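Protein chains: 2
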Amino acid sequence: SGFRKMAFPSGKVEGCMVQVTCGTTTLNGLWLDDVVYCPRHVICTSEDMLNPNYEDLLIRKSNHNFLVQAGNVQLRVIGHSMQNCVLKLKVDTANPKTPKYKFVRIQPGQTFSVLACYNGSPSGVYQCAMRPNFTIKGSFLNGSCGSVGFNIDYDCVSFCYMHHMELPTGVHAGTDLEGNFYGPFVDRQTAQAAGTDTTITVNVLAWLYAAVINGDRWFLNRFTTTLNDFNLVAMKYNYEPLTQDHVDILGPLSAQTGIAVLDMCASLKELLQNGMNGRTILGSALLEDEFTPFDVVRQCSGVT
Amino acid sequence: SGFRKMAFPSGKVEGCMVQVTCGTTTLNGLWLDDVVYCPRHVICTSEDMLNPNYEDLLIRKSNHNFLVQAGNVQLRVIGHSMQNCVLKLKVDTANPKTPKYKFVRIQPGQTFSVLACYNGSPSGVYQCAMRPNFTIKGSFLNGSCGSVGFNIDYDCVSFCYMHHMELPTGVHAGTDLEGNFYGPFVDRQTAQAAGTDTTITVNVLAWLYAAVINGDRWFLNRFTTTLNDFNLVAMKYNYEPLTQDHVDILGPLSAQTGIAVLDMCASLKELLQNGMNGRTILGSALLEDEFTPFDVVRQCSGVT
Ligand SMILES: Cc1ccncc1NC(=O)[C@H]1[C@@H]2CCCC[C@@H]21
Ligand SMILES: Cc1ccncc1NC(=O)[C@H]1[C@@H]2CCCC[C@@H]21
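Residue numbers (full-length UniProt numbering), protein chains in the order written: chain A, 3264 to 3567; chain B, 3264 to 3567.
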């Protein structure tokens, strides 16, 4: 028992982190097989960053200008190419620590672990959600670009995020491993609107199920609701509308606890309308939306 | 910017996890050099656990009864001994992945990362505090015993905790790596009083400094207080009394922000007396005490 905001074990990802330097800029790279992936803005200088012409900036660079260091061993760069907002530096040595991996583009509302790095060295790991507006609320300082987000399924690491930017609001933006930004963002130092965000309803419900499983059950009530009625409340409180696909994914938790999904929705409706009244759920004084239903099932069953 | 409950990268610890089976019980072991450390209760059966006679139960066991498996390779046990509540199984092979390490006994109020494991396989990593009453509020299911807590200082892993028990209240208890319990706990299936707990004042103050550094500053006020006055409020609200040693450890954060420690204490006093008024600090609707002043400095400076 107990329920914590748990990150995946980061070892397989730690073995892939490298430092990439181009000119005056240093950031992190991900070394998988004989390729090192990193944000393309490693090629920018201070004067470039308002609106860099990446194609022109890259044309001034040769393989020998990309300094790649894996711990303390230097990698030989034998090719370079830009794909969307990432650079792919071909190296002459395959990473001996390359885990089984995939590149995946996650959906908004899904969760993943971030291994924050500086100078190719891991600093820490934390779990977060991709917001419905495609931003993440992480912990990133200058030099953390190139740090990656991932999930692990047995021995396979699915890389889903590479960090590129901190918006002027302090929230974070980045790309999948093919260099496509999540959201409307571009890799320039400009104020950029992040869409209206919402709370991830299916995750809050999954977390209320994790709370009942672990003994926090004060919020259960004698009520029920419908998807229609619940969605009027979700609308008022800026929660994602709940669909039958969300109800379906909550099936295992509903089956385990015996609490029908719409009955849990009625508990969530009452919490939205009345607040916590100075109480906590799983050590939180707010409704937590950074656990998916899969995360709850995995944590509650001790999956490795 | 951004501030997250970050765990240390777990790779160095993942390389030390093994599975230990004795009879019908399987749990985790920590393989460092040629020794595997695990909870002594791996030698118990269901009928033993109310009050096991560990010395007698261990006398029935030989080296060949301790099955130690590191991933998929079997380790040969050439010695066994019980030290307090841990078993030390001498193996014929030194762990090639043994990091630089220390065994440390942490103080209540200090934080550490836990690598939750089942069957010698890592499941996840999370950061937590050792409560002032020597319990931890973790995420542990049956089979997680032997999972360890640790801190990392550059290349050195300081192991501080090994998981042994879930109290009937759902909170967790364990030992240092010499097998001495933190707190009054014994490794028996009995109801055991955990002392009155308190909130870790110096950590809440450190976290308010992390909040100001990251832009959440609505809680700053025009007031100041004294240690005496603050401690009367700390008393009322079950917070640890603040000492000059705590004020001293907050020095770097006070110097960086320019907010005197007693002025931050006056903000904390007002938050204790008035609550958050439906607002949040660093995404939390309660006063967070799981970040030490060292954690805040490390996270805010990007230490690797
Ligand atoms: C400095 C920093 C801090 C944290 N996370 C990320 C960053 N980096 C950025 O925001 C870079 C974005 C793309 C290229 C142009 C310059 C700025
Ligand atoms: C079952 C479990 C679940 C989570 N964390 C820990 C445990 N294990 C225990 O509580 C064991 C304590 C010491 C020896 C006697 C039996 C019980």
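Don't be surprised by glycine CBs; every beta carbon is placed ideally from N, CA and C.
How is the alpha helix (DSSP H) around residue 3535/B delimited, first residue to last? Your numbering for residue 3535/B matches position 272 in the second sequence. From DSSP, the alpha helix (DSSP H) with residue 3535/B extends over 3524-3537.
Counting contacts by CB-CB distance shorter than 7 Å, is residue 3267/A in contact with chain B? Counting from one through the first sequence, the residue named residue 3267/A turns up at place 4. Yes, residue 3267/A counts as interfacial toward chain B.
Under 6 Å: does the beta carbon of residue 3429/B sit that close to some heavy atom of ligand 2? For this step, residue 3429/B is matched to residue 166 along the second sequence. Within the cutoff, so yes.
With a threshold of 7 Å between beta carbons, is residue 3502/B in contact with chain A? By 1-based counting over the second sequence, the position of residue 3502/B is 239. False, the Cβ-Cβ gap to chain A never drops below 7 Å.
From residue 3490/B to residue 3402/A, what distance separates their C-alpha atoms? Stepping through the second sequence from its first residue, residue 3490/B is reached at position 227. Stepping through the first sequence from its first residue, residue 3402/A is reached at position 139. Rounded to whole angstroms, residue 3490/B to residue 3402/A spans 32 Å at the Cα level.
Who does residue 3291/A pair with in a DSSP beta bridge? Sequence index remark: in the first sequence, residue 3291/A carries index 28 (1-based). Answer is 3282/A, bridged to residue 3291/A.
Look at the alpha carbon of residue 3273/A and the alpha carbon of residue 3339/B, and state the distance between them as a whole number of angstroms. For this step, residue 3273/A is matched to residue 10 along the first sequence. For this step, residue 3339/B is matched to residue 76 along the second sequence. Those two C-alpha atoms are separated by around 29 Å.
Determine, using beta carbons only, whether residue 3281/B and residue 3383/B come nearer to each other than 7 Å. Locating residue 3281/B in the second sequence gives position 18, where the first residue counts as 1. Locating residue 3383/B in the second sequence gives position 120, where the first residue counts as 1. In contact: residue 3281/B and residue 3383/B (Cβ atoms closer than 7 Å).
Is it right to say residue 3291/A is buried, meaning 16 or more other beta carbons lie within 10 angstroms of its own, or is it exposed? The residue you call residue 3291/A lines up with position 28 of the first sequence. So residue 3291/A counts as buried.
Nearest residue (CA-CA) to residue 3318/A, options 3332/A, 3419/A and 3303/A: Position 55 of the first sequence, counted from the first residue, corresponds to residue 3318/A. Residue 3303/A is the option with its Cα nearest to residue 3318/A.
Is the closest heavy atom of ligand 1 to the C-beta of residue 3403/A under 6 Å? Against the first sequence, residue 3403/A aligns to sequence position 140. Residue 3403/A: yes, Cβ under 6 Å from ligand 1.
To which residues of the same chain is residue 3439/B closer than 6 Å at the C-beta, ignoring the five residues directly before and after it? Residue numbering aside, residue 3439/B sits at position 176 when the second sequence is read from its first letter. So the qualifying residues of the chain are 3368.
Sorry if obvious, but does the Cβ on residue 3452/B come closer than 6 Å to a heavy atom of ligand 2? In the second sequence, counting from the first residue as 1, residue 3452/B sits at position 189. Yes, the beta carbon of residue 3452/B sits closer than 6 Å to at least one heavy atom of ligand 2.
So residue 3298/B and residue 3364/B are supposed to be a Cβ contact under 8 Å. How far apart are they, rounded? Taking the second sequence and counting its residues from 1, one reaches residue 3298/B at position 35. Taking the second sequence and counting its residues from 1, one reaches residue 3364/B at position 101. Not confirmed; about 11 Å, so no contact.
Got a sec? Which residues, its chain only, sit under 8 Å from residue 3400/B by beta carbon, not counting five neighbours each side? As a first step, residue 3400/B is located in the second sequence; it is residue number 137 there, counting from the start. 3391, 3394, 3434 and 3435, listed in sequence order.
Can you pull the chain B neighbours of residue 3384/A, defined as C-beta to C-beta under 7 Å? Here residue 3384/A corresponds to residue number 121 of the first sequence, with the count starting at 1. Those within 7 Å of residue 3384/A in chain B are 3567.
Quick one, are the C-beta atoms of residue 3411/A and residue 3293/A less than 7 Å apart? The residue labelled residue 3411/A in the question sits at position 148 within the first sequence. The residue labelled residue 3293/A in the question sits at position 30 within the first sequence. For residue 3411/A and residue 3293/A, yes; Cβs fall inside 7 Å.
Rounding to the nearest angstrom, what Cα-Cα distance links residue 3525/A and residue 3540/A in this structure? As a working note, residue 3525/A is residue 262 in the first sequence. As a working note, residue 3540/A is residue 277 in the first sequence. Each residue's alpha carbon lies about 22 Å from the other.
Mapping the DSSP letters down to three states, classify residue 3399/B as helix, strand or coil. Here residue 3399/B refers to the residue found at position 136 when the second sequence is read from its first residue. Three-state DSSP puts residue 3399/B in a strand.
Which stretch, first to last residue, makes up the alpha helix (DSSP H) that contains residue 3492/B? In the second sequence, the residue the question calls residue 3492/B occupies position 229. Where residue 3492/B is concerned, the enclosing alpha helix (DSSP H) stretches over 3490-3499.
Is there a C-beta anywhere in chain B that falls below 7 Å from the one on residue 3388/A? By one-based count along the first sequence, residue 3388/A stands at place 125. Closer than 7 Å to some Cβ of chain B, the Cβ of residue 3388/A qualifies, so yes.
Quick check: does the Cβ of residue 3527/A come within less than 6 Å of any heavy atom belonging to ligand 1? Here residue 3527/A corresponds to residue number 264 of the first sequence, with the count starting at 1. No, ligand 1 has no heavy atom inside 6 Å of this Cβ.
For residue 3486/B, is the classification buried or exposed, using 16 other Cβ atoms within 10 angstroms of its Cβ as the cut-off for buried? In the second sequence, residue 3486/B corresponds to position 223, counting from 1. Result: exposed.
With hydrogens ignored, establish whether the beta-carbon of residue 3312/A is closer than 6 Å to any heavy atom of ligand 1. Here residue 3312/A refers to the residue found at position 49 when the first sequence is read from its first residue. The answer is yes for residue 3312/A.
Beta carbons nearer than 9 Å to chain A: which residues of the region 3472-3490 of chain B have them? 3477 and 3478
Against residue 3365/A, what residues of chain B qualify as contacts under a CB-to-CB distance less than 8 Å, listed in chain order? By 1-based counting over the first sequence, the position of residue 3365/A is 102. None at all; the shortest Cβ gap to chain B is about 20 Å.
Taking a cut of 9 Å between CB atoms, which residues from the region 3538-3549 of chain A lie near chain B? 3538, 3539, 3541, 3543, 3546, 3547, 3548 and 3549
Looking only at its chain, what residues have a beta carbon closer than 7 Å to the beta carbon of residue 3321/B, apart from the 5 residues adjacent to it on each side? Residue mapping note: residue 3321/B aligns to position 58 of the second sequence, counting from 1. 3306 and 3345.
Residue 3509/B: CB within 6 Å of a non-hydrogen atom of ligand 2: Locating residue 3509/B in the second sequence gives position 246, where the first residue counts as 1. The answer is no for residue 3509/B.
For residue 3452/A, which residues in chain B fall below 8 Å Cβ to Cβ? Translated into the one-based positions of the first sequence, residue 3452/A becomes position 189. Within chain B, no residue comes near residue 3452/A; the closest Cβ sits about 15 Å away, beyond 8 Å.
Relative to ligand 3, is the shortest distance from any of its heavy atoms to the C-beta of residue 3327/B smaller than 6 Å? For the structure depicted, ligand 3 is absent and the ligand set comprises only ligand 1 and ligand 2.
Cβ contact (3+ pairs, closer than 8 Å) linking the region 3457-3474 of chain A and the region 3492-3509 of chain A: yes
I'd like to confirm something about residue 3343/B: is its beta-carbon nearer than 6 Å to some heavy atom of ligand 2, or not? Indexing the second sequence from 1 puts residue 3343/B at position 80. No; taking the cut-off as 6 Å, the Cβ of residue 3343/B has no heavy atom of ligand 2 nearer than that.
Looking at C-alpha atoms only, which residue of 3444/A, 3405/A and 3442/A is the closest neighbour of residue 3288/A? Residue 3288/A sits at position 25 when you count from the first residue of the first sequence. Comparing Cα positions, the closest option is 3405/A.
How about residue 3532/A and residue 3496/A: do their beta carbons lie closer than 7 Å? The residue you call residue 3532/A lines up with position 269 of the first sequence. The residue you call residue 3496/A lines up with position 233 of the first sequence. Contact: yes.
Sorted by chain position, which residues of the same chain lie with C-beta nearer than 7 Å to residue 3535/B's C-beta, five sequence neighbours on each side aside? Within the second sequence, numbered from 1, the residue matching residue 3535/B stands at position 272. Within the same chain, residue 3535/B has close Cβ partners 3496 and 3500.
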